Each structure stands twice: as structure tokens, then as C-alpha cells.
């Protein structure tokens, strides 16, 4: 999930936008 | 501000700034 991709590991804009509506 | 470890309120703030008027969904347990 988002925590695994952005918190426990380094985040990226590509990944963040996956969570925008 | 995006390319780092973002957790909790710090991650929520990033989604807020990046998504803008589109909004977003935060699911800590996915």
C-alpha cells in the first residue's frame, strides 16, 4: 500500500498521484 | 518534498498538495 511505498520506503510523485481521485 | 520517507500527517500533507482539487484517498491499511 501507500505506507509501504512512501513511508517505509522512499516515495515518488508517480506513486503519490496513484492516490489522487 | 515528495522524494523522501513520508509518514502520517507528513504523507497526508503531500497528497493534499500534489492532488489539489482532485482530492485523494488515504488507506493506511491497504
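Chains as they are written, first to last, in the entry's author numbering: chain A, 1 to 21; chain B, 1 to 30. Idealized CB from N, CA, C, for every residue including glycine.
- Residues of the same chain with a CB within less than 7 Å of the CB of residue 5 of chain A, apart from the 5 flanking positions on each side, are 11 and 15 in chain order.
- Neighbourhood of residue 2 of chain B in chain A, by CB distance below 8 Å: 11, 12, 13 and 16, in chain order.
- By the criterion of a C-beta distance shorter than 6 Å, residue 24 of chain B is surrounded in its chain by 15, once the five residues flanking it on both sides are discounted.
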